[PDB]
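In: sequence? don't have it. structure:
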């Protein structure tokens, strides 16, 4: 399984450290009970940028 | 909350919702990280 989940998470982690505004924004949504809309929005975008 | 606490919170959420891990990884690795940031920041600023 390549890339592994660990490599995928590591990539996201490094990206958050390079863009702290995204870290703050995700934390804000998740800690305030809005994680589901975060998922929905990002999945849809990923699937469009593919399709 | 410290920055480490915020990352720990995000990390647990990603393990609980693998589609979000996969979708973020796809956007970042395909050079669309900036649009990902913009969308999430906008959303967080409205909420």
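Out: Structure's in. What do you need? Numbering: from 1, shown residues only, chains lettered A, B, ... in the order given.
In: CA atoms for contacts and neighbours, from now on please.
Out: OK.
In: do stretch A:31-49 and chain B meet?
Out: Yes - counting by C-alpha under 8 Å from any C-alpha of the partner chain, chain B has neighbours in stretch A:31-49: A:31, A:38-39, A:42-43, A:46-47, A:49.
In: what about those, which are in strands?
Out: Among the residues of stretch A:31-49 next to chain B, no member falls in strands (DSSP state E).
In: need the buried ones from these selected in PyMOL.
Out: Under the burial definition 16 or more other C-alpha atoms under 10 Å in any protein chain shown, those of the residues of stretch A:31-49 next to chain B that qualify are selected in PyMOL by:
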select buried, chain A and resi 38+39+42+43+46
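In: go through chain A and flag its longest helix.
Out: In chain A, taking DSSP state H as the definition, the longest helix is helix A:35-50.
In: other SSEs contacting that helix?
Out: helix A:20-31, helix B:18-29, helix B:33-46 (3 or more C-alpha pairs under 8 Å, 6 or more residues apart in numbering or on different chains; DSSP states H and E).
In: the same query, at a cut-off of 10 Å, please.
Out: Helix A:35-50 is packed against helix A:20-31, helix B:3-16, helix B:18-29, helix B:33-46, with contacts defined by 3 or more C-alpha pairs under 10 Å, 6 or more residues apart in numbering or on different chains; DSSP states H and E.
In: tilt between that helix and helix B:33-46?
Out: Angle of helix A:35-50 versus helix B:33-46, following axes from the mean of the first three to the mean of the last three C-alpha atoms, to 10 degrees, is 150 degrees.
In: so what touches helix A:35-50?
Out: The contact list for helix A:35-50, computed with C-alpha atoms under 10 Å, 6 or more residues apart in numbering or on different chains, reads A:25-30, A:51, B:10, B:13-14, B:17-28, B:30, B:32, B:35-37, B:39-40, B:43-44.
In: thinking residue A:22 is in contact with residue A:14, fair?
Out: No - Residue A:22 is not in contact with residue A:14 according to C-alpha atoms under 10 Å; the separation is 11.5 Å.
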